[PDB]
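Below you'll find the structure, written out as structure tokens, and then a few comments.
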Amino acid sequence: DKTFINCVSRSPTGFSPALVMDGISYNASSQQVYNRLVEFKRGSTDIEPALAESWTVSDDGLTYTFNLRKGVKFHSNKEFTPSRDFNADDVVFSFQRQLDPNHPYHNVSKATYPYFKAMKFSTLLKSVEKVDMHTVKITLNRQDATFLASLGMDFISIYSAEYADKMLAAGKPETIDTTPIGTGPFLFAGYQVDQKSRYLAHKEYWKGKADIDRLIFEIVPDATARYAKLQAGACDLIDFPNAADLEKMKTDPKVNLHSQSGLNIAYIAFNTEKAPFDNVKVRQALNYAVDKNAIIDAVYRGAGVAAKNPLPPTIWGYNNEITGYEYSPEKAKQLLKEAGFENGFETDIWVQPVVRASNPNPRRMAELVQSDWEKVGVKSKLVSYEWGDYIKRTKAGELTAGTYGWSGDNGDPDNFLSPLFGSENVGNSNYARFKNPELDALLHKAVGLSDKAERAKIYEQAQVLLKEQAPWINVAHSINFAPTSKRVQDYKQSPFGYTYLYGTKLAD
Ligand SMILES: N[C@@H](CCC(=O)N[C@@H](CSSC[C@H](NC(=O)CC[C@H](N)C(=O)O)C(=O)NCC(=O)O)C(=O)NCC(=O)O)C(=O)O
């Protein structure tokens with residue numbers, strides 16, 4: 001009937017949002033089949049009620065009480081049919097699995113809860129308690145102005161406690177991870193490796209049945225094929241088009257091309273705990289060495305902007321008075337000389353193996369940086385690994401310097417600065433291994449304030465500090481594209497980059 005064909009560039013790492021932390025996986029699971037307690041309005045960073053119908057917050061900002069929606073049905077599959085509606089047990093399960101190392105599901109699928117860790121929920125959460133069947137009370141150890149928006153994030157999707165109970169009893173608990181059951185607008189209808197995953201409209205969805213009956217995420221790895229299929233009408237949406245095809249699609253009558261400035265940053269991270277990158281003068285030098293304009297031209301082809309802060313220009317708290325390091329090989333050489341490296345040195349540049357939102361060609365970007373560094377005496381080899389291995393090694397601190405990128409997930413500047421630069425996230429999401437007590441104090445103070453204007457002043461100061469300490473080269477903020485077929489109606493890009501299809505329709 002009404003089948004939306006979404007052509008995606010890679011197979012998902014997994015279908016359990018608590019266990020992963022990448023957009024392909026989220027798009028193929030939590031964005032379609034799960035709900036959160038609160039969710040973002042489409043195309044917006046504003047939050048609204050979802051599985052929590054309403055809530056209250058205590059005056060001290062430490063106690064959040066959630067009144068849960070009644071009448072909410074979970075999906076079924078061949079292995080499980082729910083015998084009760086969504087309730088507090090499902091919320092408690094979803095938190096406690098991650099929070100409690102001795103929860104029965106903590107080690108199922110060898111789970112590691114990467115985003116739960118980067119968000120520091122283990123130290124944030126004092127308790128998550130069932131008050132009654134339709135009421136959950138969460139107590140915090142400290143104030144967090146971003147907590148409600150954070151509860152809209154995919155990693156804290158609400159799973160089925162009944163499903164978990166049944167699958168554990170049957171001796172196959174991993175089933176809840178590979179074979180998702182949620183309350184969300186679409187339900188999981190199977191995955192064929194390196195071919196496609198399928199979804200169906202959840203007819204009993206609590207907010208009303210979706211206008212699209214069937215969804216297919218067809219895995220079409222070749223960008224050239226994705227474009228050809230879109231033109232033939234075999235795709236209704238594609239990701240990451242090739243540059244030359246993108247140029248054509250801007251004025252292609254068969255394409256409705258959506259675009260928006262990305263809430264993201266592509267960067268070179270320096271391992272600030274590893275000589276010679278532990279010398280701030282070296283990190284500043286390698287900034288001066290790089291011609292970002294040349295990267296915008298060659299890599300982004302103009303679809304992006306040279307970055308001056310790790311925050312994107314379109315988020316609040318962005319510091320407009322900050323300038324990037326100017327392109328000056330002369331200044332780079334002088335600093336390298338002062339650092340004791342007039343004769344330069346040898347190093348590696350780590351190259352990200354897959355394309356993500358913020359950078360359409362990590363390898364070409366690395367080649368350009370490599371060339372720039374060569375001009376100031378810094379010679380390098382490019383080093384890469386398969387995606388999972390690349391990130392694991394990076395987190396362990398094996399990198400020297402490397403290409404990475406980040407898209408924000410809750411609309412708040414804290415969700416850039418804390419995951420990326422907070423000392424507590426070294427080994428998690430802070431690849432530069434940056435530990436700066438002055439920054440930590442700024443971020444800790446800001447996150448708890450209710451006065452947004454004051455939060456903004458603090459983040460602005462934080463950006464001054466980050467420029468001076470140069471844990472990174474801020475490279476670019478990209479443009480997000482969503483090329484669609486002409487029959488797609490009412491589609492909206494997510495501010496965070498996700499493909500969210502509830503509320504989209506298909507014309508005749
Ligand atoms: N905050 C974490 C987890 C969230 C995350 O993975 N976000 C996605 C964007 S939403 S997931 C969608 C994204 N696709 C896009 O970026 C294409 C444009 C899109 N169609 C739109 O209209 O905005 C994608 O496929 N990405 C593949 C991947 O995440 O591995 C991402 O690409 N972040 C990394 C970055 O910005 O460099 C992170 O950034 O790594």
Side-chain angles (χ1 to χ4, degrees), residues 6-14 17 19-32 40 42-43 114-119 150 152-156 217 219-221 223 226 230 235-241 246 249 256-269 299-300 303-304 307 310 312 352-362 365 387-388 390-391 394-395 402-412 414-420 425 428-431 475-484 488 491-501 504:
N6 185 20
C7 298
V8 303
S9 58
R10 308 190 289 281
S11 299
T13 297
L19 276 49
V20 291
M21 194 174 168
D22 77 271
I24 301 293
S25 298
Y26 287 163
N27 273 346
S29 57
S30 40
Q31 284 298 306
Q32 311 316 319
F40 301 93
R42 291 200 310 148
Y115 220 153
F116 191 95
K117 285 173 185 173
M119 290 298 285
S150 296
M153 293 167 64
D154 295 57
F155 78 99
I156 191 58
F217 282 30
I219 296 152
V220 179
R226 291 196 296 279
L230 175 60
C235 295
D236 295 298
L237 172 66
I238 69 173
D239 58 352
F240 302 130
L246 176 67
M249 279 190 305
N256 183 1
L257 184 62
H258 303 274
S259 59
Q260 67 181 358
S261 297
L263 201 73
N264 64 47
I265 174 66
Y267 60 100
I268 305 299
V299 178
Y300 293 80
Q352 178 170 105
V354 298
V355 170
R356 312 184 67 220
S358 60
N359 185 350
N361 198 333
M365 171 181 295
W387 172 241
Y390 179 76
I391 293 304
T394 290
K395 284 162 73 175
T403 61
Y404 306 91
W406 178 266
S407 289
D409 290 308
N410 69 7
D412 196 279
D414 173 80
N415 174 252
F416 280 80
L417 304 187
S418 283
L420 299 165
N425 281 321
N428 296 335
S429 48
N430 179 343
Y431 300 157
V475 179
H477 313 287
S478 74
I479 303 298
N480 294 149
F481 291 104
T484 64
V488 179
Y491 175 71
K492 297 188 174 188
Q493 287 185 288
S494 164
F496 318 126
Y498 296 111
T499 297
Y500 183 75
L501 288 166
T504 296

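Residue indices begin at 1 and follow the sequence shown. In listed order, ligands and their atoms are each counted from 1.
Partners of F116 by ring-ring contact (aromatic ring centres under 6.0 Å, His included), not counting sequence neighbours, listed by chain and number: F121. For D409, the side chain to side chain donor-acceptor pair (under 3.5 Å) partners are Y115, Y498, not counting sequence neighbours. With sequence neighbours left out, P310 forms a side-chain contact (heavy atoms from CB on, under 4.5 Å) with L417, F421, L466, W472, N474.
Checking each of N410, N415, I156 against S150 for a side chain to side chain contact (heavy atoms under 4.5 Å, CB included) leaves exactly one that passes, namely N410.
If you look at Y404 and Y390, their ring centroids are closer than 6.0 Å. Remark: aromatic rings of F496 and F40 are close, center separation under 6.0 Å.
Listed by chain and residue number, the protein contacts of ligand 1 are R10, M21, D22, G23, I24, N27, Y115, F240, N264, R356, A357, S358, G405, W406, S407, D409, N480, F481, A482, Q493, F496, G497, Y498 (heavy atom within 4.0 angstrom).
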